[PDB]
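Next comes structure.cif, a file with mmCIF, N, CA, C and O atoms.
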```
data_data
loop_
_atom_site.label_atom_id
_atom_site.label_comp_id
_atom_site.auth_asym_id
_atom_site.auth_seq_id
_atom_site.Cartn_x
_atom_site.Cartn_y
_atom_site.Cartn_z
N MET A 1 0.89 -1.19 0.00
CA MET A 1 0.00 0.00 0.00
C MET A 1 0.92 1.24 0.00
O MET A 1 2.12 1.10 0.27
N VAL A 2 0.37 2.42 -0.28
CA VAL A 2 1.13 3.70 -0.27
C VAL A 2 1.46 4.02 1.15
O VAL A 2 0.55 3.91 2.00
N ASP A 3 2.73 4.36 1.45
CA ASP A 3 3.19 4.69 2.79
C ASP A 3 2.93 6.19 3.01
O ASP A 3 3.66 7.10 2.55
N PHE A 4 1.80 6.46 3.65
CA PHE A 4 1.22 7.79 3.59
C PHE A 4 2.17 8.81 4.17
O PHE A 4 2.44 9.83 3.52
N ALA A 5 2.62 8.58 5.40
CA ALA A 5 3.55 9.51 6.08
C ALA A 5 4.81 9.80 5.24
O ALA A 5 5.20 10.94 5.09
N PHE A 6 5.44 8.76 4.71
CA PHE A 6 6.60 8.94 3.82
C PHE A 6 6.26 9.73 2.58
O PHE A 6 6.93 10.67 2.30
N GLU A 7 5.23 9.34 1.84
CA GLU A 7 4.94 9.98 0.54
C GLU A 7 4.49 11.41 0.72
O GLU A 7 4.82 12.31 -0.10
N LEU A 8 3.77 11.64 1.80
CA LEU A 8 3.34 12.99 2.08
C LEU A 8 4.55 13.90 2.34
O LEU A 8 4.67 14.97 1.73
N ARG A 9 5.42 13.51 3.28
CA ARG A 9 6.66 14.28 3.52
C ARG A 9 7.52 14.44 2.26
O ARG A 9 8.13 15.50 2.09
N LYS A 10 7.61 13.37 1.42
CA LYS A 10 8.43 13.37 0.19
C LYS A 10 7.85 14.38 -0.81
O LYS A 10 8.58 15.15 -1.35
N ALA A 11 6.53 14.48 -0.89
CA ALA A 11 5.79 15.56 -1.69
C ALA A 11 6.05 16.94 -1.10
O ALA A 11 6.35 17.88 -1.80
N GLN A 12 6.03 17.09 0.23
CA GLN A 12 6.41 18.32 0.82
C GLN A 12 7.83 18.70 0.47
O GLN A 12 8.07 19.88 0.21
N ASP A 13 8.77 17.75 0.52
CA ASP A 13 10.21 18.01 0.32
C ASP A 13 10.65 18.13 -1.14
O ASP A 13 11.75 18.67 -1.44
N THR A 14 9.84 17.59 -2.03
CA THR A 14 10.26 17.53 -3.40
C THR A 14 9.25 18.13 -4.37
O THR A 14 9.61 18.27 -5.50
N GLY A 15 8.04 18.45 -3.92
CA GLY A 15 6.98 18.95 -4.75
C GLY A 15 6.39 20.18 -4.13
O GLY A 15 7.15 20.97 -3.55
N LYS A 16 5.09 20.38 -4.28
CA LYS A 16 4.39 21.55 -3.69
C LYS A 16 3.07 21.06 -3.09
O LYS A 16 2.20 20.62 -3.79
N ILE A 17 2.89 21.30 -1.80
CA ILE A 17 1.62 21.10 -1.18
C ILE A 17 1.19 22.46 -0.62
O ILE A 17 2.03 23.30 -0.23
N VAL A 18 -0.09 22.69 -0.63
CA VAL A 18 -0.70 23.93 -0.08
C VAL A 18 -1.61 23.49 1.07
O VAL A 18 -2.45 22.59 0.93
N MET A 19 -1.37 24.05 2.25
CA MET A 19 -2.02 23.58 3.43
C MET A 19 -3.25 24.41 3.75
O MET A 19 -3.26 25.60 3.54
N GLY A 20 -4.27 23.68 4.25
CA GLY A 20 -5.44 24.21 4.89
C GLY A 20 -6.67 24.05 4.04
O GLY A 20 -6.58 23.87 2.82
N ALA A 21 -7.85 24.13 4.70
CA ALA A 21 -9.16 24.08 4.06
C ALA A 21 -9.36 25.16 3.02
O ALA A 21 -9.85 24.91 1.92
N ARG A 22 -9.01 26.38 3.36
CA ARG A 22 -9.25 27.51 2.45
C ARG A 22 -8.43 27.33 1.17
O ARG A 22 -8.95 27.48 0.04
N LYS A 23 -7.15 26.98 1.31
CA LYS A 23 -6.33 26.74 0.13
C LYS A 23 -6.78 25.52 -0.69
O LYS A 23 -6.68 25.47 -1.93
N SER A 24 -7.17 24.47 0.00
CA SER A 24 -7.69 23.28 -0.65
C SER A 24 -8.90 23.58 -1.52
O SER A 24 -8.94 23.22 -2.66
N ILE A 25 -9.82 24.34 -0.97
CA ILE A 25 -11.00 24.77 -1.72
C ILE A 25 -10.57 25.62 -2.89
O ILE A 25 -11.06 25.44 -4.00
N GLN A 26 -9.65 26.56 -2.66
CA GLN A 26 -9.22 27.47 -3.74
C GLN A 26 -8.57 26.77 -4.93
O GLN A 26 -8.85 27.00 -6.12
N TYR A 27 -7.68 25.87 -4.61
CA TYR A 27 -7.03 25.07 -5.61
C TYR A 27 -7.90 24.04 -6.28
O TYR A 27 -7.62 23.70 -7.43
N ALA A 28 -8.91 23.53 -5.59
CA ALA A 28 -9.94 22.69 -6.24
C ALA A 28 -10.72 23.51 -7.29
O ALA A 28 -10.82 23.14 -8.51
N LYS A 29 -11.14 24.69 -6.87
CA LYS A 29 -11.92 25.53 -7.75
C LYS A 29 -11.24 25.89 -9.06
O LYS A 29 -11.88 25.82 -10.12
N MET A 30 -9.98 26.31 -9.01
CA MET A 30 -9.25 26.69 -10.20
C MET A 30 -8.50 25.57 -10.83
O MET A 30 -7.76 25.80 -11.74
N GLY A 31 -8.68 24.36 -10.32
CA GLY A 31 -8.10 23.14 -10.92
C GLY A 31 -6.62 22.94 -10.72
O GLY A 31 -6.00 22.21 -11.47
N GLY A 32 -6.02 23.60 -9.74
CA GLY A 32 -4.60 23.55 -9.55
C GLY A 32 -4.25 22.36 -8.69
O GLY A 32 -3.08 21.85 -8.74
N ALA A 33 -5.22 21.87 -7.89
CA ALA A 33 -4.95 20.69 -7.12
C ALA A 33 -5.00 19.44 -7.96
O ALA A 33 -5.88 19.26 -8.76
N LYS A 34 -4.07 18.54 -7.71
CA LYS A 34 -4.09 17.15 -8.31
C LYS A 34 -4.77 16.11 -7.46
O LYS A 34 -5.21 15.08 -7.96
N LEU A 35 -4.75 16.34 -6.14
CA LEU A 35 -5.27 15.49 -5.10
C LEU A 35 -5.52 16.40 -3.87
O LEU A 35 -4.74 17.31 -3.60
N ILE A 36 -6.62 16.17 -3.20
CA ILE A 36 -6.90 16.78 -1.91
C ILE A 36 -6.86 15.73 -0.88
O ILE A 36 -7.44 14.65 -1.08
N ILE A 37 -6.22 16.00 0.24
CA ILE A 37 -6.19 15.08 1.40
C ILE A 37 -6.94 15.80 2.54
O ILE A 37 -6.72 16.97 2.75
N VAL A 38 -7.93 15.14 3.13
CA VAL A 38 -8.71 15.79 4.24
C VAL A 38 -8.60 14.96 5.50
O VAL A 38 -8.75 13.72 5.42
N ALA A 39 -8.43 15.61 6.66
CA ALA A 39 -8.44 14.86 7.91
C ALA A 39 -9.85 14.33 8.16
O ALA A 39 -10.87 15.03 7.88
N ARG A 40 -9.93 13.09 8.65
CA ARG A 40 -11.28 12.48 8.91
C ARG A 40 -12.14 13.39 9.80
O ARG A 40 -13.36 13.43 9.63
N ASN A 41 -11.51 14.14 10.68
CA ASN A 41 -12.26 15.01 11.57
C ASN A 41 -12.20 16.54 11.21
O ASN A 41 -12.42 17.44 12.08
N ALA A 42 -11.92 16.84 9.95
CA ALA A 42 -12.09 18.20 9.43
C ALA A 42 -13.52 18.64 9.84
O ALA A 42 -14.49 17.84 9.80
N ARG A 43 -13.64 19.88 10.19
CA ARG A 43 -14.90 20.31 10.79
C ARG A 43 -16.03 20.08 9.71
O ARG A 43 -15.79 20.34 8.58
N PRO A 44 -17.16 19.46 10.09
CA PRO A 44 -18.05 18.95 9.11
C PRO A 44 -18.52 19.89 8.01
O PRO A 44 -18.64 19.42 6.88
N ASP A 45 -18.80 21.14 8.33
CA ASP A 45 -19.19 22.12 7.37
C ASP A 45 -18.06 22.41 6.32
O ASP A 45 -18.27 22.45 5.10
N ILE A 46 -16.85 22.57 6.84
CA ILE A 46 -15.64 22.74 6.00
C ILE A 46 -15.39 21.49 5.15
O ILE A 46 -15.17 21.57 3.95
N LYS A 47 -15.43 20.32 5.75
CA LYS A 47 -15.26 19.09 5.01
C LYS A 47 -16.24 18.98 3.83
O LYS A 47 -15.85 18.58 2.72
N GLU A 48 -17.51 19.31 4.05
CA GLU A 48 -18.55 19.21 3.06
C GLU A 48 -18.22 20.11 1.86
O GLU A 48 -18.33 19.72 0.71
N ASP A 49 -17.78 21.33 2.14
CA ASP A 49 -17.37 22.27 1.12
C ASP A 49 -16.15 21.77 0.35
O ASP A 49 -16.09 21.89 -0.82
N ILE A 50 -15.19 21.22 1.07
CA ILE A 50 -13.98 20.67 0.38
C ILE A 50 -14.41 19.56 -0.54
O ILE A 50 -14.00 19.51 -1.72
N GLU A 51 -15.19 18.64 -0.03
CA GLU A 51 -15.63 17.53 -0.82
C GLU A 51 -16.46 17.98 -2.03
O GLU A 51 -16.29 17.48 -3.16
N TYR A 52 -17.32 18.98 -1.83
CA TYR A 52 -18.10 19.54 -2.96
C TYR A 52 -17.21 20.13 -4.05
O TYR A 52 -17.34 19.75 -5.23
N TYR A 53 -16.32 21.07 -3.71
CA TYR A 53 -15.50 21.73 -4.66
C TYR A 53 -14.61 20.74 -5.38
O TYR A 53 -14.40 20.85 -6.59
N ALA A 54 -14.10 19.73 -4.65
CA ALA A 54 -13.30 18.70 -5.31
C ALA A 54 -14.11 17.92 -6.35
O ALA A 54 -13.66 17.71 -7.49
N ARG A 55 -15.32 17.47 -5.97
CA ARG A 55 -16.19 16.73 -6.86
C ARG A 55 -16.55 17.59 -8.05
O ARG A 55 -16.50 17.12 -9.19
N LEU A 56 -16.87 18.86 -7.79
CA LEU A 56 -17.21 19.82 -8.87
C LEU A 56 -16.15 19.77 -9.97
O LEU A 56 -16.46 19.64 -11.15
N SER A 57 -14.89 19.79 -9.53
CA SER A 57 -13.70 19.89 -10.38
C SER A 57 -13.08 18.58 -10.81
O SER A 57 -12.10 18.60 -11.62
N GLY A 58 -13.63 17.45 -10.31
CA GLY A 58 -13.16 16.12 -10.62
C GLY A 58 -11.84 15.80 -9.99
O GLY A 58 -11.15 14.91 -10.47
N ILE A 59 -11.50 16.47 -8.89
CA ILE A 59 -10.25 16.23 -8.12
C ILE A 59 -10.49 15.12 -7.08
O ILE A 59 -11.43 15.22 -6.25
N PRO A 60 -9.64 14.05 -7.10
CA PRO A 60 -9.80 13.03 -6.10
C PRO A 60 -9.56 13.56 -4.68
O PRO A 60 -8.65 14.40 -4.45
N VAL A 61 -10.35 13.06 -3.74
CA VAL A 61 -10.13 13.30 -2.30
C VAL A 61 -9.76 11.99 -1.64
O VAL A 61 -10.41 10.97 -1.78
N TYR A 62 -8.70 12.06 -0.83
CA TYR A 62 -8.29 11.01 0.03
C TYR A 62 -8.46 11.46 1.50
O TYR A 62 -7.97 12.53 1.85
N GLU A 63 -9.18 10.66 2.26
CA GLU A 63 -9.47 10.89 3.68
C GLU A 63 -8.40 10.25 4.53
O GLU A 63 -8.30 9.00 4.66
N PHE A 64 -7.57 11.10 5.08
CA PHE A 64 -6.55 10.68 6.08
C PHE A 64 -7.26 10.11 7.31
O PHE A 64 -8.10 10.76 7.90
N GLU A 65 -6.89 8.88 7.70
CA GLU A 65 -7.48 8.17 8.85
C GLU A 65 -6.75 8.62 10.09
O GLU A 65 -5.94 7.88 10.66
N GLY A 66 -6.94 9.86 10.43
CA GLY A 66 -6.20 10.51 11.47
C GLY A 66 -6.81 11.87 11.64
O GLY A 66 -7.58 12.35 10.78
N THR A 67 -6.47 12.50 12.75
CA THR A 67 -7.03 13.79 13.10
C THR A 67 -6.21 14.87 12.47
O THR A 67 -5.07 14.65 12.01
N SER A 68 -6.78 16.08 12.48
CA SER A 68 -6.13 17.24 12.02
C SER A 68 -4.90 17.60 12.87
O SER A 68 -3.95 18.23 12.33
N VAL A 69 -4.90 17.21 14.15
CA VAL A 69 -3.70 17.35 14.98
C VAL A 69 -2.60 16.44 14.38
O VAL A 69 -1.51 16.89 14.07
N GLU A 70 -2.93 15.18 14.18
CA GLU A 70 -1.97 14.20 13.59
C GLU A 70 -1.47 14.59 12.24
O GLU A 70 -0.26 14.45 11.99
N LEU A 71 -2.33 15.16 11.38
CA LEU A 71 -1.98 15.52 10.04
C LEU A 71 -1.00 16.70 10.05
O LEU A 71 0.01 16.71 9.37
N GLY A 72 -1.28 17.68 10.88
CA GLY A 72 -0.40 18.87 11.04
C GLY A 72 0.96 18.41 11.60
O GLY A 72 2.01 18.84 11.14
N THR A 73 0.96 17.48 12.53
CA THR A 73 2.24 16.98 13.11
C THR A 73 3.03 16.22 12.08
O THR A 73 4.24 16.45 11.91
N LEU A 74 2.33 15.42 11.31
CA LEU A 74 2.99 14.76 10.20
C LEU A 74 3.72 15.72 9.23
O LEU A 74 4.79 15.35 8.67
N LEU A 75 3.07 16.83 8.92
CA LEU A 75 3.60 17.88 8.05
C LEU A 75 4.57 18.84 8.74
O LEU A 75 5.08 19.80 8.11
N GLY A 76 4.91 18.51 9.99
CA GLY A 76 5.93 19.23 10.73
C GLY A 76 5.46 20.59 11.19
O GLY A 76 6.28 21.46 11.50
N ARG A 77 4.15 20.78 11.26
CA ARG A 77 3.57 22.07 11.59
C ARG A 77 3.20 22.11 13.06
O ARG A 77 2.69 21.11 13.57
N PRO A 78 3.38 23.29 13.71
CA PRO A 78 2.95 23.47 15.10
C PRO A 78 1.42 23.70 15.27
O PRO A 78 0.97 24.02 16.35
N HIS A 79 0.66 23.59 14.18
CA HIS A 79 -0.77 23.84 14.19
C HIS A 79 -1.47 22.61 13.53
O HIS A 79 -0.83 21.77 12.89
N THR A 80 -2.78 22.52 13.72
CA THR A 80 -3.63 21.53 13.05
C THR A 80 -3.66 21.80 11.56
O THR A 80 -3.55 22.95 11.13
N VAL A 81 -3.79 20.74 10.75
CA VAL A 81 -3.97 20.91 9.31
C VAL A 81 -5.17 20.03 8.99
O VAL A 81 -5.10 18.82 9.14
N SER A 82 -6.30 20.63 8.62
CA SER A 82 -7.55 19.86 8.40
C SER A 82 -7.64 19.26 6.94
O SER A 82 -8.35 18.32 6.72
N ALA A 83 -6.90 19.82 5.99
CA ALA A 83 -6.90 19.40 4.60
C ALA A 83 -5.66 19.99 3.97
O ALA A 83 -5.09 21.01 4.50
N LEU A 84 -5.31 19.47 2.81
CA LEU A 84 -4.28 20.08 1.99
C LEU A 84 -4.52 19.68 0.53
O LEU A 84 -5.20 18.70 0.26
N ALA A 85 -3.91 20.42 -0.36
CA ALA A 85 -3.91 20.12 -1.75
C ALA A 85 -2.51 19.78 -2.22
O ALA A 85 -1.58 20.58 -1.98
N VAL A 86 -2.42 18.70 -3.01
CA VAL A 86 -1.22 18.39 -3.72
C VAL A 86 -1.21 19.11 -5.01
O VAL A 86 -1.93 18.75 -5.94
N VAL A 87 -0.34 20.10 -5.12
CA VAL A 87 -0.16 20.88 -6.37
C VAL A 87 0.88 20.23 -7.28
O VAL A 87 0.66 20.12 -8.48
N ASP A 88 1.94 19.69 -6.68
CA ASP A 88 2.94 18.99 -7.46
C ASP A 88 3.36 17.88 -6.55
O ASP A 88 3.85 18.14 -5.44
N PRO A 89 3.22 16.66 -7.01
CA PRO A 89 3.68 15.55 -6.15
C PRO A 89 5.24 15.39 -6.00
O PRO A 89 5.69 14.56 -5.20
N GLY A 90 6.00 16.15 -6.77
CA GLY A 90 7.43 16.01 -6.84
C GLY A 90 7.84 14.61 -7.26
O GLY A 90 7.33 14.12 -8.25
N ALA A 91 8.70 13.99 -6.46
CA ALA A 91 9.22 12.66 -6.70
C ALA A 91 8.35 11.63 -6.06
O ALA A 91 8.59 10.44 -6.23
N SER A 92 7.32 12.06 -5.29
CA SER A 92 6.58 11.13 -4.42
C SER A 92 5.56 10.31 -5.23
O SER A 92 5.22 10.68 -6.34
N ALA A 93 5.04 9.30 -4.61
CA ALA A 93 3.89 8.52 -5.10
C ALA A 93 2.54 8.93 -4.42
O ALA A 93 1.58 8.10 -4.37
N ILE A 94 2.49 10.16 -3.92
CA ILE A 94 1.32 10.65 -3.18
C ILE A 94 0.00 10.59 -4.03
O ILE A 94 -1.09 10.30 -3.46
N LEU A 95 0.10 10.84 -5.33
CA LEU A 95 -1.10 10.91 -6.21
C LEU A 95 -1.76 9.55 -6.31
O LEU A 95 -2.93 9.46 -6.56
N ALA A 96 -1.01 8.48 -6.08
CA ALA A 96 -1.61 7.18 -6.14
C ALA A 96 -2.73 6.96 -5.12
O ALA A 96 -3.60 6.10 -5.33
N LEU A 97 -2.73 7.72 -4.02
CA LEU A 97 -3.86 7.76 -3.08
C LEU A 97 -5.18 8.08 -3.75
O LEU A 97 -6.22 7.76 -3.20
N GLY A 98 -5.15 8.68 -4.91
CA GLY A 98 -6.36 9.05 -5.61
C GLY A 98 -7.06 7.94 -6.41
O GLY A 98 -8.10 8.24 -7.01
N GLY A 99 -6.47 6.75 -6.52
CA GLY A 99 -7.07 5.67 -7.28
C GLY A 99 -6.52 5.66 -8.70
O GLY A 99 -5.68 6.51 -9.04
N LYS A 100 -7.05 4.77 -9.54
CA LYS A 100 -6.43 4.53 -10.88
C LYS A 100 -7.05 5.33 -12.01
O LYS A 100 -6.61 5.19 -13.16
N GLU A 101 -8.05 6.14 -11.68
CA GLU A 101 -8.80 6.89 -12.70
C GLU A 101 -8.55 8.37 -12.55
O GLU A 101 -8.41 9.10 -13.53
#
```

Rewrite the structure from the file as structure tokens, please.
Amino acid sequence: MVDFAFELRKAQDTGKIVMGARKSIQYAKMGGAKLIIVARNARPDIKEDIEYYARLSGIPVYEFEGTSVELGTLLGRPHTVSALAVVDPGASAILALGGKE
């Protein structure tokens, strides 16, 4: 399976990720995101909007099985991260989280 923590950090280190719900929605809307990752406990209203804008734009969403505290810690951030957009996967296999289509 895709090693989420590794591939996510490798995309951070070698590609471009944009952090947060607001950026995730923005990049979904203008089609700049390749993949959106959302924390399972993203606040429900925000999550719904992320999921809508992604579906609108045909951007895959992958639900991190972890909290926004865990996701932010994974990304080396001192704050929660409820979602992010993969703008450039770099050298990583992060986009494979999106499925084969």

Inset, instruction - Give the strand (DSSP E) residues of range 37-88 of chain A, as assigned by DSSP on the backbone, as number ranges by chain. - result: A: 37-39, 61-64, 83-88

Legend entry - DSSP helix (DSSP H, G or I) residues within chain A, as a PyMOL selection string: chain A and resi 4-14+21-29+44-57+68-74+94-98

Inset, instruction - Using the chain letters and numbers from the file, give me the residues hit by the PyMOL selection byres (((chain A and resi 21 and name CA) around 8) and name CA), as a ChimeraX atom specification. - result: /A:19-20,22-25,46-47,50,82-84

Legend entry - Contacts of residue 97 in chain A within 7 Å, only N, CA, C and O atoms, excl. fewer than 2 positions in-chain, as JSON, numbers by chain: {"A": [2, 60, 61, 62, 63, 93, 94, 95, 99, 100]}

Legend entry - Pick from A:18, A:85, A:53, A:40, whichever lies nearest to residue 66 in chain A using only C-alpha atoms: A:40

Inset, instruction - Could you state which residues are captured by the PyMOL selection byres ((chain A and resi 92) around 8) in this file, as an NGL selection string? - result: :A and (6-12 or 14-15 or 88-91 or 93-96)

Using the chain letters and numbers from the file, give me the residues hit by the PyMOL selection byres ((chain A and resi 34) around 6), as a PDB file with N, CA, C and O atoms, in the frame of the given file.
```pdb
ATOM      1  N   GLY A  31      -8.680  24.360 -10.320  1.00  0.00           N
ATOM      2  CA  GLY A  31      -8.100  23.140 -10.920  1.00  0.00           C
ATOM      3  C   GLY A  31      -6.620  22.940 -10.720  1.00  0.00           C
ATOM      4  O   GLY A  31      -6.000  22.210 -11.470  1.00  0.00           O
ATOM      5  N   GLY A  32      -6.020  23.600  -9.740  1.00  0.00           N
ATOM      6  CA  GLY A  32      -4.600  23.550  -9.550  1.00  0.00           C
ATOM      7  C   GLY A  32      -4.250  22.360  -8.690  1.00  0.00           C
ATOM      8  O   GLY A  32      -3.080  21.850  -8.740  1.00  0.00           O
ATOM      9  N   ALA A  33      -5.220  21.870  -7.890  1.00  0.00           N
ATOM     10  CA  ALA A  33      -4.950  20.690  -7.120  1.00  0.00           C
ATOM     11  C   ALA A  33      -5.000  19.440  -7.960  1.00  0.00           C
ATOM     12  O   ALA A  33      -5.880  19.260  -8.760  1.00  0.00           O
ATOM     13  N   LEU A  35      -4.750  16.340  -6.140  1.00  0.00           N
ATOM     14  CA  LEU A  35      -5.270  15.490  -5.100  1.00  0.00           C
ATOM     15  C   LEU A  35      -5.520  16.400  -3.870  1.00  0.00           C
ATOM     16  O   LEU A  35      -4.740  17.310  -3.600  1.00  0.00           O
ATOM     17  N   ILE A  36      -6.620  16.170  -3.200  1.00  0.00           N
ATOM     18  CA  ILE A  36      -6.900  16.780  -1.910  1.00  0.00           C
ATOM     19  C   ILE A  36      -6.860  15.730  -0.880  1.00  0.00           C
ATOM     20  O   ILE A  36      -7.440  14.650  -1.080  1.00  0.00           O
ATOM     21  N   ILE A  59     -11.500  16.470  -8.890  1.00  0.00           N
ATOM     22  CA  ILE A  59     -10.250  16.230  -8.120  1.00  0.00           C
ATOM     23  C   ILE A  59     -10.490  15.120  -7.080  1.00  0.00           C
ATOM     24  O   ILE A  59     -11.430  15.220  -6.250  1.00  0.00           O
ATOM     25  N   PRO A  60      -9.640  14.050  -7.100  1.00  0.00           N
ATOM     26  CA  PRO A  60      -9.800  13.030  -6.100  1.00  0.00           C
ATOM     27  C   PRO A  60      -9.560  13.560  -4.680  1.00  0.00           C
ATOM     28  O   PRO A  60      -8.650  14.400  -4.450  1.00  0.00           O
ATOM     29  N   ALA A  85      -3.910  20.420  -0.360  1.00  0.00           N
ATOM     30  CA  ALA A  85      -3.910  20.120  -1.750  1.00  0.00           C
ATOM     31  C   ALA A  85      -2.510  19.780  -2.220  1.00  0.00           C
ATOM     32  O   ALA A  85      -1.580  20.580  -1.980  1.00  0.00           O
ATOM     33  N   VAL A  86      -2.420  18.700  -3.010  1.00  0.00           N
ATOM     34  CA  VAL A  86      -1.220  18.390  -3.720  1.00  0.00           C
ATOM     35  C   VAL A  86      -1.210  19.110  -5.010  1.00  0.00           C
ATOM     36  O   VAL A  86      -1.930  18.750  -5.940  1.00  0.00           O
ATOM     37  N   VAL A  87      -0.340  20.100  -5.120  1.00  0.00           N
ATOM     38  CA  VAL A  87      -0.160  20.880  -6.370  1.00  0.00           C
ATOM     39  C   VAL A  87       0.880  20.230  -7.280  1.00  0.00           C
ATOM     40  O   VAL A  87       0.660  20.120  -8.480  1.00  0.00           O
TER      41      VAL A  87
END
```

Legend entry - A:28, A:37, A:98, A:1 ranked by distance to residue 65 in chain A, top pick (using only C-alpha atoms):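 Checking each candidate against residue 65 in chain A, we get A:37 as the closest.
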
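Take atom C of residue 57 in chain A and atom C of residue 101 in chain A: the distance between them is 11.3 Å.
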
Listed atoms of range 71-79 of chain A, axis-aligned box, 5 Å per side: centre and edge lengths to one decimal in Å, as JSON?
```
{"center_x": 2.0, "center_y": 19.4, "center_z": 12.2, "size_x": 18.6, "size_y": 19.3, "size_z": 18.3}
```

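Distances here use all atoms listed in the file; by that measure, the residue among A:13, A:41, A:5, A:30 closest to residue 64 in chain A is A:41.
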
Inset, instruction - Calculate how many Å separate atom O of residue 68 in chain A from atom O of residue 80 in chain A, rounding to one decimal. - result: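 Calculated distance between atom O of residue 68 in chain A and atom O of residue 80 in chain A is 4.9 Å.
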
Inset, instruction - Work out how far CA of residue 27 in chain A is from CA of residue 3 in chain A, in Å to one decimal. - result: 24.3 Å
